[PDB]
Structure formats: structure tokens, C-alpha cells
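Below: one structure, written as C-alpha cells.
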Amino acid sequence: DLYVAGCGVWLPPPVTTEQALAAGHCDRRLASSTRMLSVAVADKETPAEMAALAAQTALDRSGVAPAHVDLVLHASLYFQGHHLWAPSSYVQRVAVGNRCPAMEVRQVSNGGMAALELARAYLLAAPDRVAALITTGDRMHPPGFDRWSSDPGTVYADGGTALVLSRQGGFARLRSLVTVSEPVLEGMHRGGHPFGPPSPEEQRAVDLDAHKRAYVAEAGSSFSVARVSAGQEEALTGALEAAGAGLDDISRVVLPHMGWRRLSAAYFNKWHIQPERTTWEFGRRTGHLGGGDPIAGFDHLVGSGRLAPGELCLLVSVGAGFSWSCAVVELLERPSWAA
Amino acid sequence: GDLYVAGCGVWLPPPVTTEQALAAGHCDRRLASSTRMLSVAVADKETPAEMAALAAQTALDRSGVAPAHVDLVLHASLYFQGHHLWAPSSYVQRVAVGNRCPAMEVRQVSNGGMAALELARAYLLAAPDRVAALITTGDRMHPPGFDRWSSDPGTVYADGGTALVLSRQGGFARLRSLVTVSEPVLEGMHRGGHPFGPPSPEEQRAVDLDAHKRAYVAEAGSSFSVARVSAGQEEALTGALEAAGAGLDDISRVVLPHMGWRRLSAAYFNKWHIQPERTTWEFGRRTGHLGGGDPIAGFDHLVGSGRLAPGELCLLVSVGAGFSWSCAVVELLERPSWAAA
Ligand SMILES: CCC(=O)NCCNC(=O)CCNC(=O)[C@H](O)C(C)(C)COP(=O)(O)O
Ligand SMILES: CCC(=O)NCCNC(=O)CCNC(=O)[C@H](O)C(C)(C)COP(=O)(O)O
């Protein structure tokens, strides 16, 4: 199989829900239903800057030489700051210093696990390949984005994450990785008829709620909820089965950093697992890093010593489209940078 | 090189002539002359993923490959896809494939099609039972954010979609080589901020790549910039030729980016001493730059117009800001039924 050789995050200072309420960015009803405590917010740091910083951390920990990094993939879900510019080449220039292929991979909030899929294949496609770097980075600022209200129920963070995947060795083994696609749901996140062509553009601003309501009215709530539930179930069961494990075999579940209401509907009141078995407390203080959530969550569990050698971790990620990815990761040893 | 091209296609909206552009004040006479563009495909109502999906329907139908045999869908683009936090690749998959393999975006600015081809090749090769992959491109380069004539003087940007179906099973052409080169020292040329510092957080509402280029060159040096670009292009060319066991003289047709005449002459005609008549120059100058899509559209043109004969070799040439370069040698095995004589 493949190994996680390194990982890291770069998170700008948090803004608390209390500060957000006082600043008017946020209403009480939303604070209450999401149960968020705080979210990382950048000042001047741009998406690729934060990704390269996380990447520098992940690479240092991995100890992998630049020449053994055979691919760089940068994932993100929002504007990277400069049109017709190569943010992955920035990540490569600053964090890696080598000349392998560097490109972007996007799959909305599932982008990190999507990049992991392509990185796994790339490493397996040739016998001499060693490692791949995956990064994520996003800066969810005005004018085009409202971290509290553009997609109500999820509060968006600024920051970067990174993971080093390796065929040679590492502190954890990737026991399975399964990705599920249900493209009938793609219209849920755009204008135009759900089952026809998209409408004309909308750069500022992001308003996901209206598009969802329109989708549901056309396809029906029954259809929408059932297709979403089914896709999530396929990813879970596929990943667990591929790893020879059941959900009871899992010590910690890395969930997306969504608000409480969404996490309860999707996971807690569905799978009947307890919050303490998940990254809920970490996520509710961090915010949604898009495709980066499973990397940030795994890094936190490992870094804080909350995952022990021999224990299995389940990564859970979902993106508009829809796409789902689940992965089972086995911790082999506590890395030197952990507690 | 045991991969095949099984299908390809394009969907191009109606052309706007340079004459129309000149009359509209979108183009000046100096630019028209220097680029020698005749026309550019321009979309009216069509959006990027819509055009990509149309090209994919064409590519898939031509390939005869079953949707179930499509194991990966990659959609490449260089500009805003029309909706944020929305998945254009899933639109492409819903409309053109109707299957449930992974579907995602790959970007590498104007090298995005070949970058997707690199990842698709690896994906197909990574498990013994995988069959085909679909790569698409699509962009719509409209005002106010973009000026297709002036945002990047020297290249005129097109709206349109392209698609290619790659297969391990079989197809009408064989992928003999594909090589990608990366020179990330050049990344600053296409953004604000210091070339060797962090990107500026100040967004440039109207894209002006010429301003960014001038700032980069003033800092990194003109000589350094030209040479590093030249070298990257040379590495990709020679690498792809060597990997295919071929020399430039063995290549019957060259698919070049749809840049303006001045750029093509500097980068290719006066450098490689190859004939414009041996390239897709005439097709490109009527189509415009489709970003990562050029090599697909150019290859599609050559095959569909019957200009490539069985046994003959084709060189695909692609470059993107970053910079990244990709070249590929494709061998035509048979004239596909959808082609002309
Ligand atoms: C950045 C956008 C993105 O990719 N988000 C990940 C996908 N979005 C979600 O998973 C949010 C949860 N939404 C759903 O499960 C379905 O769409 C529902 C259940 C039909 C509506 O959800 P709701 O808005 O009520 O929370
Ligand atoms: C922005 C879309 C995109 O990715 N385009 C591919 C990269 N851009 C180009 O290749 C344009 C040609 N530019 C170059 O060859 C180098 O930048 C030079 C040689 C340093 C300056 O070229 P010029 O702008 O004078 O034509």
C-alpha cells in the first residue's frame, strides 16, 4: 500500500463566534444551530501562500527529499487570487524547489481526497516513483464570499493544509480510499435548470441556499435526500470493506468541519456514533477548509496524540457534485512531532 | 506507449472575424497585423461546462466506448466556470457520460489538457482492469473580467469546449510519448506581488497579464526570462521526440498552440525551422486559443479533415503559465469513420 509520510496545516488566527456576532457577521440563530466556536481567518495571506506554508511543514516532518517528490497537486474550491496564474507552481517554487509536474485538482469540498486519488494512481503507475505532495488552500473573504451565510450551516475558514503520500514508508498506512460520484446532484449548487444547462455567471457572490431550494423543488426532497444519503453510505461501506474493517473497528472518525445540525443529520443521528469519537471539537474551532478538512483533522489527531499506534482512523469527506470519499488510515507509530 | 486515442471532438460557438473586432474597437490595427488572427470562436449564451459536455458527447459517440468503460472524467479550464463551489466536472459527467466514476477538475492554465492527459494516463495504468478516461476543456472569456484581445496581447482567447477519450483497450491512434516539464521559477510572471515573494492579496478586477509580465521581467531580468522559457520548451520537445524514438523530421504534422503569428514565429517557426503549412496554424488562426484545449482541437481538426495519414506521426505542443510544457507524439493507426478523405 501507500503511506502518509508527513502532514501539516497553516491556520491564521481564529475569530470567535462571539466576535462574529458582535461584528454582525453572524446571527444568533445560526450560531446556535451550527454550534461553531471559532473559525480561522486570514489577514493578508493568500490561498497559495498558506498552502506552501503548510507544505513546508508537511515536507520537513516527512523528511522526504525534494527529488523524491514526483507530483504536486494543489486543491481548492474558491478564487486563488490571480486569474490565469498557476498557484501549484507557486507551491512548488516555495515549498518543494523541484521540477516534477505541478497542477491543480478541484472537486469542491472533496478536493483533498480527489487529489489523493490522483496522487495514489500517479505513484502506482510507475515502479520508480516515491512521493507526492498534496496541498489545499483558500481565502474566503469579501467581496465574493460570506463565510457565515454563503452556505448556511457551514462556516468557512481560511488556511492551508498539506499531506505527503509515499510508496517507500511513513508513520501511517493508507489501508483504503474509496470515491463515489453522484452527478445527478450537480445542479444543486448552480443557477439554471437542475437538469438543463447552467445559467450566466455569478462571480460575486456565492449564495448556495437559493440554488439548493430550486433544485429540491424541481427534483423533490425525497429524491435529493435519498441520493445524498446513498452516496454517503456507499463511500463509508466501500472504504470499511476495502480495509477489512467495520465502523466499530474505527478509533477516531475525521468528519468534515460542518455545523452541528448538518453533522447530526449526516453522521451522528445516522451512524449513531458519539461526537467524542470524532474531530467535532477541533472542527468547530477551526471552520471548513474545503477539501482540506480531512488533512487538518488527521494532522490534529496525530499531532495531539489522540490516535495511538495500531489504531484505525476513518477520513470522511464530501463535496458538491456530489462526490464522497472515505479512507481508512492505520497509525503505525507516533511521529516525532506529536505529543 | 500502450495507450490509444479512441475519440475526440470539439464544440465551437460561431466565429467573430478580426474585421468585426476592429470595427467594434475590440482590436487595434497593430494587434491584428502582429497576430494575423482571422477570427475567434465566441459564445453567446453557452457556459464553459455546457460547451465541454457537448464536445464530450461528440468524442464519446465517435469512440464507440461504453459509458461504463469510462473510469475517470477530468475537466480542464483556465478561467471562471460560472458558479463558485459548484462542480463543472459533475455537470460534464451528468450530461455526457451518465456514469459514476470519479469526476474532477485539473488546472494547469493553458497546459491543462495535457496535464489532465498525464493524470488520466497514470490513472488508467494504475489498475489492470481500467479501460478509458474522458478529458474535457471549456472556457468562456467574456468582459468585463477578461478581454480576449488585450488581456494577454499576442494571443486571442476563444470560447469553446474540447474533449478526448483515452483508452488502454484500443483506438484509431496510439499515444507514443507524452512528456511534461515544469519551471516554477516563472510562476510570478502571471500574478501581482513580488516574483520571489508571496502573491499580492490585491485582486486585479480586469485581467492584464502584460502588466504582470512587465513587473516580473523588470525584477527577474529579460534575458533570464526568455532563456528559461526557451529551455523549458526545448526540454518538452526533445523529451517527447526521444521517448517516441523519433526526430522532428519524422513528424508529419505539428499541433501548435493557437497563439498569434508573432509568438508562434518566435517560439516555433524561426526556432525549429518548421513550416507553418505543416502545423495547425490555419485552423488555429480562425479558432483562437482554447487554453488547455488547443492540442485536442488541433488534433481533432487534423484527423477529421483527413490531413493525417495512417502510419504518420503527429506532435502535440502545449504550454501554460507556471510555466509547464507538454509534448506528445501520436501515431495515426487508421482513419476513423467520422473523418473526411
Ligand atoms: C463547498 C461546498 C461543498 O462542496 N459542500 C460539501 C457538500 N455539501 C454538503 O454536504 C452540505 C450538506 N447538504 C446535504 O446533505 C444535502 O444537500 C441536503 C440534505 C439535500 C440539503 O442539506 P442542507 O442544506 O439542509 O444541510
Ligand atoms: C495565460 C495562459 C497561458 O497559460 N499561456 C501559456 C504561457 N504564455 C505564453 O506562452 C505566451 C508567450 N510568452 C513567452 O514565451 C514568454 O513569456 C516570454 C518569451 C518571456 C515573453 O513572451 P511575449 O509576451 O513577448 O510573447
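Residue numbering restarts at 1 in every chain; chains get A, B, ... in the order shown in the C-alpha cells, and ligands count up from 1 in that same order.
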message = Which residues are near ligand 2 in this structure, taking near to mean any atom at most 6 Å from a ligand atom and counting only C-alpha atoms and all ligand atoms? Format them as a PyMOL selection string.
response = (chain A and resi 84) or (chain B and resi 109-110+225-226+229+263+319-321)
Same residues, C-alpha atoms, output as a PDB file, in the first residue's frame:
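See out28.pdb below for the written result:
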```pdb
ATOM      1  CA  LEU A  84      -4.653  32.631 -15.490  1.00  0.00           C
TER       2      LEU A  84
ATOM      3  CA  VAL B 109      -3.530  27.208 -17.099  1.00  0.00           C
ATOM      4  CA  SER B 110      -3.042  26.766 -20.873  1.00  0.00           C
ATOM      5  CA  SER B 225      13.008  35.002 -18.579  1.00  0.00           C
ATOM      6  CA  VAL B 226      13.322  34.388 -22.322  1.00  0.00           C
ATOM      7  CA  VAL B 229      11.099  29.703 -21.271  1.00  0.00           C
ATOM      8  CA  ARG B 263       4.531  34.464 -30.774  1.00  0.00           C
ATOM      9  CA  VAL B 319       2.447  25.473 -22.847  1.00  0.00           C
ATOM     10  CA  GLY B 320       0.942  27.027 -19.744  1.00  0.00           C
ATOM     11  CA  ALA B 321       1.799  29.854 -17.378  1.00  0.00           C
TER      12      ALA B 321
END
```
inquiry  = Show me, as number ranges by chain, the residues of chain B whose atoms get within 7 Å of chain A, using only C-alpha atoms for the distance check.
reply    = B: 47, 50, 78-79, 82-87, 90-91, 93-94, 100-102, 104-109, 119, 122-123, 125-126, 180-185, 187, 190-191, 198-199, 201, 203, 207, 321-322
key: Nearby residues (only C-alpha atoms) at most 10 Å from stretch 55-64 of chain A, same-chain spacing under 2 positions excluded, as a ChimeraX atom specification   = /A:4-10,49-53,66-69,91-92,94-96,130-136,160-166,168-171,299,335-337
message = Quick check for you: according to DSSP on this backbone, which residues of stretch 136-256 of chain A are classed as alpha helix (DSSP H)? Reply as a ChimeraX atom specification.
response = /A:208-219,221-242
query = So which residues touch residue B:258 within 7 Å, counting only C-alpha atoms, skipping near sequence neighbours fewer than 4 positions away, as a list in words?
reply =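 So the residues in contact are residues 284, 285, 288, 289 and 294 of chain B.
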inquiry  = Between atom CA of residue A:297 and atom CA of residue A:3, what is the distance in Å, rounded to a tenth?
reply    =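 If I compute the distance from atom CA of residue A:297 to atom CA of residue A:3, I get 16.9 Å.
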request  = Within 6 Å of residue B:35, counting only C-alpha atoms, which residues show up once you throw out same-chain ones fewer than 2 positions away? Write them as a ChimeraX atom specification, please.
outcome  = /B:31-33,37,154,260-262
Residue A:13 surroundings by only C-alpha atoms, 9 Å radius, close-in-sequence under 3 positions cut, as a PDB file with C-alpha atoms, in the first residue's frame:
```
ATOM      1  CA  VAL A  39     -13.000  29.955  12.594  1.00  0.00           C
ATOM      2  CA  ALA A  40      -9.511  30.615  11.208  1.00  0.00           C
ATOM      3  CA  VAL A  41      -9.457  33.972   9.370  1.00  0.00           C
ATOM      4  CA  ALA A  42      -6.566  35.297   7.252  1.00  0.00           C
ATOM      5  CA  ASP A  43      -5.492  38.929   7.082  1.00  0.00           C
TER       6      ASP A  43
END
```
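Across A:239, A:258, A:71, A:214, the tightest approach to residue A:326 is made by A:239 when counting only C-alpha atoms.
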inquiry  = Using DSSP secondary structure from the backbone, list all strand (DSSP E) positions within stretch 121-175 of chain A, as a PyMOL selection string.
reply    = chain A and resi 131-138+159-166+172-175
Keeping C-alpha atoms for every residue in the selection just given, could you write it to a file as a compact mmCIF listing (two decimals), in the first residue's frame?
```txt
# COMPACT_ATOMS: atom_id res chain seq x y z
CA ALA A 131 6.23 10.53 -3.05
CA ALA A 132 3.56 13.08 -3.89
CA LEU A 133 2.65 16.35 -2.22
CA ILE A 134 -1.00 17.32 -1.90
CA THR A 135 -1.97 20.81 -0.72
CA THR A 136 -5.13 22.78 -0.18
CA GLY A 137 -5.62 26.50 0.35
CA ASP A 138 -8.46 29.01 0.26
CA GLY A 159 -5.97 28.32 5.70
CA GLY A 160 -3.74 25.70 4.14
CA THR A 161 -3.16 22.01 4.59
CA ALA A 162 -0.71 19.53 3.10
CA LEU A 163 -0.04 15.82 3.01
CA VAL A 164 2.91 13.81 1.75
CA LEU A 165 1.97 10.47 0.25
CA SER A 166 4.71 7.82 -0.11
CA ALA A 172 0.73 5.71 8.91
CA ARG A 173 -0.57 3.31 6.23
CA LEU A 174 -3.38 4.12 3.79
CA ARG A 175 -5.50 0.98 4.15
```
key: Nearest-residue call for ligand 1, choices A:226, A:128, A:192, A:143, using only C-alpha atoms and all ligand atoms   = A:226
